[PDB]
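First up is the structure itself, then whatever we jot down about it.
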Amino acid sequence: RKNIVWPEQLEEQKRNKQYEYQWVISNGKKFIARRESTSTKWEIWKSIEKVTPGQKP
Amino acid sequence: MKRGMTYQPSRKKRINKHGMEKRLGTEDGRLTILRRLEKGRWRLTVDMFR
Amino acid sequence: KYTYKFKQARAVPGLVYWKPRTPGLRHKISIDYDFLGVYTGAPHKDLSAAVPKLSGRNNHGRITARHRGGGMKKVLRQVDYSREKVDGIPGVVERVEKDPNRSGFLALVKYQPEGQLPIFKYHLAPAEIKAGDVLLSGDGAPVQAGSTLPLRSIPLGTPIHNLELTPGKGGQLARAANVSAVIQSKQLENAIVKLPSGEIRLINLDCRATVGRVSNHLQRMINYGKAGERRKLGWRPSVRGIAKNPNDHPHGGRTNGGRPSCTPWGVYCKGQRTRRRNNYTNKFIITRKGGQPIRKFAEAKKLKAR
RNA sequence: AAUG
RNA sequence: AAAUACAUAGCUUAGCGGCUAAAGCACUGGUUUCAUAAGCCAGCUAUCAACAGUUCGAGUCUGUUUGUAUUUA
RNA sequence: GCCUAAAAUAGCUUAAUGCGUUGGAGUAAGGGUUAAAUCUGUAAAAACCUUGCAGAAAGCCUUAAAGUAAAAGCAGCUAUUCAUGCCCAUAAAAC
RNA sequence: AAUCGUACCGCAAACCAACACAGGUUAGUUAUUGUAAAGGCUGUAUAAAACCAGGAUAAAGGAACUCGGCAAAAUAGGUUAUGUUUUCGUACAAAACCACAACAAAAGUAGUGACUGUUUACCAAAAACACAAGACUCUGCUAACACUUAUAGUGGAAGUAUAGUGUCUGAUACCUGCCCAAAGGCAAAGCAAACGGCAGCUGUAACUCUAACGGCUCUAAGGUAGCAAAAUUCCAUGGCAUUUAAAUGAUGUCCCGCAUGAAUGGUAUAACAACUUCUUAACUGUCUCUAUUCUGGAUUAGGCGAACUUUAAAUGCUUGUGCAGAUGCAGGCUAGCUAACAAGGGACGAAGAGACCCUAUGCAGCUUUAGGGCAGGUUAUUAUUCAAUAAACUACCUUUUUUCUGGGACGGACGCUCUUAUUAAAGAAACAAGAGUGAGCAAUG
RNA sequence: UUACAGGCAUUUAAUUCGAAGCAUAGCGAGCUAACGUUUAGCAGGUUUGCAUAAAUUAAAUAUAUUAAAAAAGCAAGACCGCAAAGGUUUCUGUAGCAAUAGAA
Ligand SMILES: [K+]
Ligand SMILES: [K+]
Ligand SMILES: [K+]
Ligand SMILES: [K+]
Ligand SMILES: [K+]
Ligand SMILES: [K+]
Ligand SMILES: [K+]
Ligand SMILES: [Mg+2]
Ligand SMILES: [Mg+2]
Ligand SMILES: [Mg+2]
Ligand SMILES: [Mg+2]
Ligand SMILES: [Mg+2]
Ligand SMILES: [Mg+2]
Ligand SMILES: [Mg+2]
Ligand SMILES: [Mg+2]
Ligand SMILES: [Mg+2]
Ligand SMILES: [Mg+2]
Ligand SMILES: [Mg+2]
Ligand SMILES: [Mg+2]
Ligand SMILES: [Mg+2]
Ligand SMILES: [Mg+2]
Ligand SMILES: [Mg+2]
Ligand SMILES: [Mg+2]
Ligand SMILES: [Mg+2]
Ligand SMILES: [Mg+2]
Ligand SMILES: [Mg+2]
Ligand SMILES: [Mg+2]
């Protein structure tokens, strides 16, 4: 079997994942939306109450 | 055993096997579409609707 | 060779002799892992992966390896055959585990590098290693079972296993249950090594090996009592050639064995050689299995042509 | 150098 | 019933156109031995299924009448 | 304290022999019998000098066994475990 | 907080089967001691034929039925002292004893496979296949092998000779003999648990018989043990014993056995079997031999409304005749008319351009030491830093495999001369008959 | 000799209809065969080989121990059997309810 992905490889790929960030407003509450660089789908990740803008969480 | 029941309908199977997206994915399927345009059939694929 | 007297005696420790309560239990002999101290649970989460079964089908979707498929779920373990990463750091054995994909036993070892977190690895268990033992590798290690050293620091008569053909790729040669290899002599840059099959070969002195044998001495005493026992392992039944029709096999006809025994593709299978006469690796083989000199094999049809 |  | 082979001293076994004959056992006589066997020496069987042909000349080549196998119905 | 052809356990030594063994040199036989032949060789054997691999057995000491190991049995070297045997010095009021 | 589904059918007259088709169709829930809450559904008009189907009862006998206990019936269930066989786990026999209403169905003998399993959808479920297990051979890791145009890539396997590929035997117990000559294949000049083979004649022991024992020929070797009237035997229903009143049957035994035989395995074997064979107990409408009866159809009435088939018809018997078995032709006979209910002799009755056999400008699949080729792999030789050529082995491609004939096959025959019968001109056939020949001579011109 | 009408012949689908088949390219695994991933199902009973606990419960109470279904478990290609999956024998049916069904 020439193609196997071990847990160490899975974690390395997960840690090397890039995102595009966009701020949105919903019902007066600010949310952060992100899109994976290798996909075309956006999703709402978190709210500003749990995230600190300007850092790398 | 009783025969004659070779058709077991399935909507997902019908779209995946004979759909327009499938016919456009290969050169031979594209040629099939042209042949049906040349003959002038009103419905091109089982997947078509307005 | 299995005999019914062997099961009746019920002598060898470490085996489960199932009482003949049913037709499928009369000839069944298995291994008692609890009596041996071998762990038979789930593998380590960080050293294992769940994969689908292939059933002997390639990327073209056609069957290339016959009589496979239909068993239980498959899980693979990652084994470190080359211990070059942890050369200096000593390791402590935590458990000895059973793996249905191999015939030997695996050992779980924890390393504690200075200034870092503990590290876990799987190794092929040597013959006489139990939980709590200490394993060491690299220069400055004793010549004892479980130690990995280059061939330049191993005595001639010491049995070894898990030998590397290439300097750093990893051990490939001696892995099966209760097998070993020996060193006969050491030359300027090569050592003469006798392999488990009885072949004498040249191996570079910078390769590494593990002292001892493999850790399962009850492999040949097993007897599967049922057809379904091997079905659960992932093996399917096969049909004899003379039972088929002419369009399926060369033996297909009504008569049995009209022609000499051969493969389904017509190659004689009772002594015809399949190794290439001009194989590039002939420069490293001294004597083949059975005692045949390499030159006798390499130059056999050339003399007939002349 | 078997036999009586 | 057709088809392929074979009938050779007392018995196995050479021979298949120049004469109608080879070898081994058996049989007979002698020698050795207290005597019988083994061993040695010398002899003997007109030696060629039956009939009609071919040929200067046929056990030998061609047909028929008998006997024996082998295959087929 | 010493000894042991006693038992169990584990390491070590090689005279000779065998070969689908290495290199050198050399050319018709080698082997065997009452007498022969099968067999092995001349396509390079045996014999001679060297190389590699392997199993079994223990020359002189060595003699009974005189140890008697309970009988069956027991001697290549070294060590461990254990049981005897020798010297010297002790021991038991009831077994 | 947007977007899409929400009706109706869904064990069915609405989905899959051309149909309102006795067929097929997934999951989740509900009442009920001997019963059963909720909910759901509903059939033209009659009856005192034959006959057919599915049930019930039956005197006396109890397999006498039949290819065969087919079908039907049957105390069917539980606990046992004792005995037998075992692979020691099992399995079987058993006087007797114990049962509220429901549910109910044997043992032994032989043959073959160990066992549970699998198979020809639509005539074969088996002794066939698989199976755990035994053996042989190949493979040193970029393993052998398979897929592929392969220079890729992938399976083997992320496994490493206690492993993987191929082949034949087929649990287990006791066993498993000889041959590598010729023609091939493979290999290290050897290989049989690779493909295969494993004789004949003749003389001899008190009377007889037989041959313990001799002689000869030939071969690579000449079939050893075991078993044996077989799932194998032409004579054949072999001889003897048991079984029955009666035995082409079954079991036991005798045995060079047309043509048994040891891993294409030999001989046994507890358990197991909708497998084949024979027997015992019981039971019975299977039978002597049938009778009565219930339900549904047929049959009578109203309504609705098919199909096979049809050259034309006003369509008797009998013997003769004839393309050789006549409703229709010739002789001898036959005289109220049309249907209903019932039976099935004939109309060489209906359905499907006979499958058997032979004949083709035949077709197709399979096999091989029938002919030719090289276009994959292996192997051999040569050359450049994944190549070229091929009388080899494997795979693949393509082509050939007469006619005559008292049907075809088997056998025999096919050119050219002489002679016999079909009279005395010539000619004249049959797988009619009787004989020659495919040369010789330098002189035999 | 040239032209025209006719009969016959040669070549080209050449009097009409009819094979089993051969070659090239595409469409099919919603039936069926094997396999992959995910999911679900199998009443009620019977026989047998094993399994003991954060400290099982009592008595002995040291010593020596003893009794108890004191176990919310594993194993069987195990047995009688409702569903379910099959298709052993019989009868019915035979353009049939059905181009393979019904009852036992
Ligand atoms: K098989
Ligand atoms: K065959
Ligand atoms: K079963
Ligand atoms: K065979
Ligand atoms: K059966
Ligand atoms: K009629
Ligand atoms: K005739
Ligand atoms: Mg077959
Ligand atoms: Mg005498
Ligand atoms: Mg009665
Ligand atoms: Mg009768
Ligand atoms: Mg069976
Ligand atoms: Mg079965
Ligand atoms: Mg069938
Ligand atoms: Mg069956
Ligand atoms: Mg059937
Ligand atoms: Mg066996
Ligand atoms: Mg046979
Ligand atoms: Mg057999
Ligand atoms: Mg009626
Ligand atoms: Mg008439
Ligand atoms: Mg008339
Ligand atoms: Mg016809
Ligand atoms: Mg003909
Ligand atoms: Mg079961
Ligand atoms: Mg059952
Ligand atoms: Mg089936």
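Simple scheme: letters A, B, ... for chains in structure tokens order, numbers from 1 for residues in each chain, numbers from 1 for ligands in the order shown.
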
Could you list, as a PyMOL selection string, all the residues within 12 Å of ligand 2, counting only C-alpha atoms (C1' of nucleotides) and all ligand atoms? (chain C and resi 241-261) or (chain G and resi 195+264+366-368)

Using only C-alpha atoms (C1' of nucleotides), which residues sit within 12 Å of stretch 13-29 of chain A once same-chain residues fewer than 2 positions away are excluded, as an MDAnalysis selection string? (chainID A and resid 5:11 31:49 51 53:54 56:57) or (chainID G and resid 1)

Find the residues of chain C in contact range of chain G, meaning any atom within 6 Å when counting only C-alpha atoms (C1' of nucleotides), and list them as an MDAnalysis selection string. chainID C and resid 20:21 23 56:59 64 172:173 177 197 225:227 259:260 263 270:272

Would you work out the distance separating atom CA of residue C:71 from atom CA of residue C:235, expressed in Å to one decimal? 7.2 Å

Would you name the residues within 10 Å of ligand 27, counting only C-alpha atoms (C1' of nucleotides) and all ligand atoms, and put them as a PyMOL selection string? (chain G and resi 118-119+121+125) or (chain H and resi 86-87)

Take the selection from the previous step and output its residues with C-alpha atoms (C1' of nucleotides), as a PDB file, in the first residue's frame.
ATOM      1  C1'   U G 118     -21.816 -23.771  -1.952  1.00  0.00           C
ATOM      2  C1'   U G 119     -24.075 -24.791  -7.168  1.00  0.00           C
ATOM      3  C1'   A G 121     -32.470 -17.502 -11.994  1.00  0.00           C
ATOM      4  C1'   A G 125     -29.117 -29.932  -4.645  1.00  0.00           C
TER       5        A G 125
ATOM      6  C1'   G H  86     -34.526 -20.981   0.960  1.00  0.00           C
ATOM      7  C1'   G H  87     -36.763 -24.459  -2.783  1.00  0.00           C
TER       8        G H  87
END

How would you write, as number ranges by chain, the set of residues no farther than 9 Å from ligand 26 when counting only C-alpha atoms (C1' of nucleotides) and all ligand atoms? H: 79-81

Go ahead and save the residues from that selection, with N, CA, C and O atoms (P, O5', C5', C4', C3', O3' and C1' of nucleotides), as a PDB file, in the first residue's frame.
ATOM      1  P     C H  79     -26.643 -26.732  15.216  1.00  0.00           P
ATOM      2  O5'   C H  79     -27.714 -27.285  16.257  1.00  0.00           O
ATOM      3  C5'   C H  79     -27.856 -28.678  16.496  1.00  0.00           C
ATOM      4  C4'   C H  79     -28.869 -28.953  17.579  1.00  0.00           C
ATOM      5  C3'   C H  79     -30.284 -28.461  17.310  1.00  0.00           C
ATOM      6  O3'   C H  79     -31.036 -29.346  16.495  1.00  0.00           O
ATOM      7  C1'   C H  79     -29.624 -27.794  19.476  1.00  0.00           C
ATOM      8  P     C H  80     -32.164 -28.780  15.499  1.00  0.00           P
ATOM      9  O5'   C H  80     -33.429 -28.548  16.435  1.00  0.00           O
ATOM     10  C5'   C H  80     -34.110 -29.644  17.028  1.00  0.00           C
ATOM     11  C4'   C H  80     -35.235 -29.179  17.918  1.00  0.00           C
ATOM     12  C3'   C H  80     -36.268 -28.278  17.263  1.00  0.00           C
ATOM     13  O3'   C H  80     -37.239 -28.997  16.523  1.00  0.00           O
ATOM     14  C1'   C H  80     -35.610 -27.347  19.334  1.00  0.00           C
ATOM     15  P     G H  81     -38.038 -28.283  15.329  1.00  0.00           P
ATOM     16  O5'   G H  81     -38.729 -27.032  16.030  1.00  0.00           O
ATOM     17  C5'   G H  81     -39.256 -25.959  15.265  1.00  0.00           C
ATOM     18  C4'   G H  81     -39.449 -24.726  16.111  1.00  0.00           C
ATOM     19  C3'   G H  81     -39.561 -23.410  15.354  1.00  0.00           C
ATOM     20  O3'   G H  81     -40.861 -23.168  14.844  1.00  0.00           O
ATOM     21  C1'   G H  81     -38.007 -23.168  17.108  1.00  0.00           C
TER      22        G H  81
END

May I have all residues of stretch 86-256 of chain C that DSSP, computed from the backbone, assigns to alpha helix (DSSP H), given as a list in words?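 Everything in stretch 86-256 of chain C that counts as alpha helix (DSSP H) is residues 227, 228, 229, 230 and 231 of chain C.
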
Selection to disk with N, CA and C atoms, as a compact mmCIF listing (two decimals), in the first residue's frame:
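Once written, part-v3.txt looks like this:
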# COMPACT_ATOMS: atom_id res chain seq x y z
N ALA C 227 -13.23 -23.57 8.09
CA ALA C 227 -13.08 -22.73 6.91
C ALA C 227 -13.31 -21.26 7.25
N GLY C 228 -14.31 -20.98 8.09
CA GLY C 228 -14.66 -19.62 8.43
C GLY C 228 -13.61 -18.89 9.25
N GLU C 229 -12.71 -19.63 9.90
CA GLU C 229 -11.66 -18.98 10.68
C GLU C 229 -10.73 -18.17 9.79
N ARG C 230 -10.38 -18.70 8.61
CA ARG C 230 -9.55 -17.95 7.68
C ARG C 230 -10.35 -16.98 6.82
N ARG C 231 -11.66 -17.18 6.70
CA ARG C 231 -12.50 -16.17 6.06
C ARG C 231 -12.47 -14.86 6.85
